[PDB]
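**Q** Taken in order, these protein sequences are the chains called A and B. The letter at position 183 of the first sequence is residue 183 when you use the numbering used here, and the numbering goes up by one with no holes. The letter at position 294 of the second sequence is residue 1294 when you use the numbering used here, and the numbering goes up by one with no holes. Got a structure for you, questions after.
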Amino acid sequence: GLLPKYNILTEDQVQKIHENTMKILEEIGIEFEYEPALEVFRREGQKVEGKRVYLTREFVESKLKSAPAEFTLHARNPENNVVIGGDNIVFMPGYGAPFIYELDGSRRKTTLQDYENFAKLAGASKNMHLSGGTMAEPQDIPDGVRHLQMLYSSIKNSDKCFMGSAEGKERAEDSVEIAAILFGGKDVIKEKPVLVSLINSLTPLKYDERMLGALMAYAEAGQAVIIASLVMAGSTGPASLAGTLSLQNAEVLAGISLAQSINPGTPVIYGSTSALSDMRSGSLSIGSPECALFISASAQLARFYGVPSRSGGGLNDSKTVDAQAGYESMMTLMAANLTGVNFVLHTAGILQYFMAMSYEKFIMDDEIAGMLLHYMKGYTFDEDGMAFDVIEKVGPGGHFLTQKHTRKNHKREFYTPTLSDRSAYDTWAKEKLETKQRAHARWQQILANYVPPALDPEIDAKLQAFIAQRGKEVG
Amino acid sequence: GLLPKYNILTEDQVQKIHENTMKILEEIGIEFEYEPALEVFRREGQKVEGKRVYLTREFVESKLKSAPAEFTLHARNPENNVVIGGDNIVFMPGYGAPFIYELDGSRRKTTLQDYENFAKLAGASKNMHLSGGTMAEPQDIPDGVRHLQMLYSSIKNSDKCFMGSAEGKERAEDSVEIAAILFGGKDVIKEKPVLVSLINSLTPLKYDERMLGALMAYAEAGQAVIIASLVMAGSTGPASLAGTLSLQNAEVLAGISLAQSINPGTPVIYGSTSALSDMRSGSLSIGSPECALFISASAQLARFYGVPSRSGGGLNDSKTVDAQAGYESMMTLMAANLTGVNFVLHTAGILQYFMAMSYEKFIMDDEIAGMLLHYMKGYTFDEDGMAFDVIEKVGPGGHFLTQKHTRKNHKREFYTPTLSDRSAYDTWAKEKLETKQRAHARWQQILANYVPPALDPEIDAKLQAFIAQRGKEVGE
């Protein structure tokens, strides 16, 4: 009923990586740019020189041992509750992009209306399990209330799970307060998690105050944190795959141990965003087989450490929804699915190494998403199934076009494409639409038809009341 | 170095397929429309009613044991010798397409010049290990001598391995003669196989005269055959994954068991071309995840039966080199690579479920092939390596780009793209070239600057005298 996961590493090699990781954390250490964070380490008997911290293997292997292998995140509509990790996998849009690249190859700043559109699309879509977070940076809006309008867009436009803000102590806490209003208290959400948020390290071997202030805010509440590291081999990490993975490993676990020492059993996702620093281009390259290699190894490491994994997505370096957007996104999304990544931020919409979102790419990515979930269902070994009797009725030289079996079973075992054009030349040649152009017609169809799920009047009567008060307070 | 193969099925599931396949062969049978193949199965003690042969698992499982797990195909230039069957993988162009799809959307008939062009492109590419066969149908040339002209154009334009004709006994025997001239004798090429050729069943549960005629000629000589079944689920096969796989499995093992009855130990490749008959279009769909599942499972069945596999390629249903060409072809080729297919016909050039080759698509596919081979290299766990001391040197907040170890190892471990554009928007926005356009400039550059490897004048002269005489025979 479900394909097994691909593990690309031998068990001796996983041992090498971990032995190298432990050595890094012990010998070289990690700088945490936050007093409260250092205090936690000191109060946990770890070595700490100014901002630097050296964790032993026992302290980390101990802190990991309390980190839960699986946790539900809770949706407003419980029909969309989501189990993290899992032979399970969840998909959701790209995150952080300040640009929209349009079908015409032009570029523009993102807006709240983009955030909102992407919320609706993720809402509308059978394959997007979460509506996501920071889908399109709302430069439309004044900075200190961007989070406020964003979590409200996510609530008013989706009944699926959304993400909390990682931009600071107070922002983090606002988000927790907002989930609280939405589920009826902070205690409810402490035991039934609601938010996930992306906490990043500052490669190589640091953590900035803003991320940390969000991380601890979340681990002191009940809420989920992705501890992602983005090591760019050649640049912010060593020019070797084993090297940059070892470095990524050291960073992610240091973040996990902090959360776990702050709050034992608090939900944490191992995050890998590592890729290549292209030496010809100077810059990040996530459409690379190196990226695909980090995605793949990271999924296996996360199993090894007993925790859920986030990595991959429709990842690529193209500026347009062309053949490159297609083959690079598939390579990285397929890696993520086959190797059993649990949580795929950036499943849909991303172009040019996280620099841009695209409406057409969103639809492209949703197709490949559906195709890969279909691959991962596998084969069905029941009577219908093995189909012996139909093969027999038909016999040598017959066809199956008109069998009852074909009519009943095609629908059951086969994927209906949402985007791919499967017609003959003469049919296609009348308009010669490429995937880009079809994708464009499709997103417009979907936003024209999406009715957002209703939000209890009094709930958003309290959502607004709070956005009002904080609106003043931050000014 | 290299990465382990992905096995998508459990031991039990593999056994269930095998059971369903034996039942199909024992109870339903396959038609072999070629008296000589029928007489082979007769002497083997197998039931024949008219043209229908029923094969027992005792017989099939016995014959499979004589098929080698690995063999070598031998090229003009022995550096291009190729192992079929290890953890090994070999790539080559598309096969059989009668159209070229152009950058501007138009289509036209394939000619001999197209054939030659693809032989050169294959010849020039570091990721194509064979030049292929039937790369473009030479509709240009009288039907009866086409195979003669393709074989020569293969031998002249590339010193890599190439494929024989599968179009009947006589054209197979011509292929064997040509191979024997090139390498010294029929004896030498029986000990050191040279040719590989595509023998398809006629799904469901048939094999026609022309394919059987070629199969038996090649088995009799030492030459490799791909025994390949293309089942279309919902059309020529049942509308189910396990069912279509079982039917394909029955077709292939019936074919391999015939080859091994003729010449025990003769080189065979288990071939899966199975895909979807799409419900809305009524046509073959190879860019489907069903196709990807057939490829993956077949890679693992071949391992089970102890023979090499062929399946997959840059397979897609698109009419143009667009995002669908990209994602469909990467899915099916990545499946092939990760599950450990040995021989990938149609790695490069195919559009629209085998109806077309495209020169831009060839370049695209050559890029995805390169990326995929880099993926399967995997990690390097030596000292340089785990990079601990360079990490120690640099330290928190540092950067690696100005280190000796970066200079040393950047090129060693990282893939350099031949097609993907990794620039920032502002560079790219100057011309806004999409992949298909960059591909278009590249194939023209490659072809323009390609120089075929010198062919021995004496052997060349013999090849031409053989082909001159045969063409006269075929015209009389």
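Ideal Cβ positions, reconstructed from N, Cα and C, are used throughout, including at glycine.
Work out the CA separation of A/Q469 and A/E220 for me, nearest whole Å.
**A** Rounded to the nearest angstrom, the two C-alpha atoms are 24 Å apart.
**Q** Does any residue of chain A bring its CB to less than 7 Å from the CB of B/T1435?
**A** For B/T1435, the answer is yes, since a Cβ of chain A falls inside 7 Å of its Cβ.
**Q** In terms of residues, what are the limits of the alpha helix (DSSP H) holding residue 479 of chain A?
**A** Because chain A spans 1 through 475 in this model, residue 479 of chain A falls outside it and cannot be assessed.
**Q** Quick check on the burial criterion: 16 or more other C-beta atoms within 10 angstroms. Buried or exposed for B/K1472?
**A** By the neighbour-count rule (16 or more Cβ atoms within 10 Å), B/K1472 is not buried but exposed.
**Q** Is B/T1072 helix, strand or coil by DSSP?
**A** Note: B/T1072 maps to strand in three-state DSSP.
**Q** When you check each C-beta in the region 1257 to 1282 of chain B against every C-beta of chain A, which residues fall closer than 9 Å?
**A** For the region 1257 to 1282 of chain B, which is checked against every Cβ of chain A, the residues closer than 9 Å are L1276, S1277, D1278, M1279, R1280, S1281 and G1282.
**Q** In whole angstroms, what separates the C-alpha of A/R42 from that of A/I262?
**A** Answer to the nearest angstrom: the Cα atoms are 12 Å apart.
**Q** Determine which residues share a DSSP beta bridge with A/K47 and list them.
**A** DSSP output for A/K47 lists A/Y54 as bridge partner(s).
**Q** Between A/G1 and the rest of its own chain, which residues show a CB-CB distance below 8 Å, the 5 nearest in sequence each way excluded?
**A** Excluding sequence neighbours, A/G1 sits near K377, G378 and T380.
**Q** Report the start-end ranges of each beta strand (DSSP E) in the region 1349 to 1387 of chain B that is 3 residues or longer and not cut off at the edges.
**A** You should have found no qualifying run.
**Q** May I ask which residues mark the beginning and end of the beta strand (DSSP E) holding A/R470?
**A** A/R470 -> not in any beta strand (DSSP E); alpha helix (DSSP H) instead, spanning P457 to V474.
**Q** Do we get a CB-CB distance below 7 Å when we pair A/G471 with the residues of chain B?
**A** A/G471 does not count as touching chain B.
**Q** Of all Cβ atoms in chain A, is any one closer than 7 Å to the Cβ of residue 969 of chain B?
**A** This structure cannot settle anything about residue 969 of chain B, because the visible part of chain B is limited to 1001 through 1476.
**Q** Is there a Cβ from chain B that is less than 7 Å from the Cβ of A/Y379?
**A** Yes, A/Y379 counts as interfacial toward chain B.
**Q** Ignore the nearest five residues each way along the sequence and tell me which others in B/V1341's own chain have a CB closer than 6 Å to its CB.
**A** Contacts found: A1299, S1309, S1311 and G1312.
**Q** Quick check on DSSP: helix, strand or coil for A/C291?
**A** Helix at A/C291.
**Q** Grab me the residues of B/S1158's own chain with a C-beta within less than 8 Å of its C-beta, minus the 5 sequence neighbours each way, in chain order.
**A** These residues qualify, in order along the chain: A1119, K1120, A1122, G1123, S1131, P1452 and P1453.
**Q** Measure from the alpha carbon of A/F414 to the alpha carbon of each residue in B/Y1425, B/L1276 and B/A1325, then state which is nearest.
**A** Nearest C-alpha to A/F414: B/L1276.
**Q** As a quick exercise: from B/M1022, B/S1240 and B/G1184, pick the residue whose alpha carbon is nearest that of B/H1074.
**A** Of B/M1022, B/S1240 and B/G1184, the residue nearest in Cα terms is B/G1184.
**Q** Taking A/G271 and A/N316 to be in contact with their CB atoms under 8 Å, please state how far apart those CB atoms are, rounded to whole angstroms.
**A** Not quite, the Cβ-Cβ distance comes to about 19 Å (not below 8 Å), so this is no contact.
**Q** Can you pull the chain A residues whose beta carbon is under 7 Å from the beta carbon of B/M1371, in chain order?
**A** The contacting residues are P289 and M331.
**Q** Looking at the unbroken alpha helix (DSSP H) that takes in A/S257, where does it start and where does it end?
**A** Looking at the DSSP string, the run of the alpha helix (DSSP H) that includes A/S257 is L241 to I262.
**Q** What span of residues does the alpha helix (DSSP H) with B/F1118 cover, start to end?
**A** Taken as a continuous stretch (DSSP letters only), the alpha helix (DSSP H) holding B/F1118 covers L1112 to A1124.
**Q** Please tell me whether A/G94 and A/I459 are closer than 7 Å, where the distance is taken between their beta carbons.
**A** Taking 7 Å as the Cβ cut-off, A/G94 and A/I459 do not qualify as a contacting pair.
**Q** Apply the 10 Å Cβ neighbour rule to B/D1143 and answer buried if 16 or more other Cβ atoms are within range, or exposed otherwise.
**A** B/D1143 is exposed by the Cβ-count criterion.
**Q** In its own chain, which residues sit with a C-beta less than 6 Å from the C-beta of A/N81, not counting the 5 before and 5 after it?
**A** So the qualifying residues of the chain are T72, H74 and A75.
**Q** Could you give the distance in angstroms between the alpha-carbon of B/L1230 and the alpha-carbon of A/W428?
**A** Those two C-alpha atoms are separated by around 24 Å.
**Q** Using the beta-carbon count (16 or more within 10 Å), is B/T1406 buried or exposed?
**A** Classification of B/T1406: buried, given that the 10 Å Cβ count is 16 or more.
**Q** Along chain B, in chain order, which residues have C-beta atoms closer than 8 Å to that of A/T406?
**A** Chain B residues near A/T406: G1234, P1238 and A1239.
**Q** Got a sec, what are the start and stop residues for the beta strand (DSSP E) A/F32 sits in?
**A** Per DSSP, A/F32 belongs to the beta strand (DSSP E) from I30 to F32.
**Q** For A/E116 versus A/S153, is the C-beta spacing smaller than 7 Å?
**A** Yes, the pair counts as a contact, with Cβ atoms nearer than the cut-off.
**Q** Under 7 Å, do A/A369 and A/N127 count as touching if we go by C-beta distance?
**A** Yes, these two residues count as a Cβ contact at 7 Å.
**Q** Can you check whether the C-beta of B/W1428 is within less than 7 Å of a C-beta belonging to chain A?
**A** Yes, B/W1428 lies at the interface with chain A (some Cβ there is under 7 Å from its Cβ).
**Q** Look at the Cβ atom of A/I226, then the Cβ atom of A/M211, and state whether they are nearer than 7 Å.
**A** Result no, Cβ atoms of A/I226 and A/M211 do not sit closer than 7 Å.
**Q** So which residues of chain B does A/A387 contact, with C-beta pairs closer than 9 Å?
**A** Those within 9 Å of A/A387 in chain B are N1020, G1237, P1238, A1239, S1240, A1242, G1243, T1244, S1246 and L1247.
**Q** So, does the CB of A/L112 fall closer than 7 Å to a CB anywhere in chain B?
**A** Closer than 7 Å: no.
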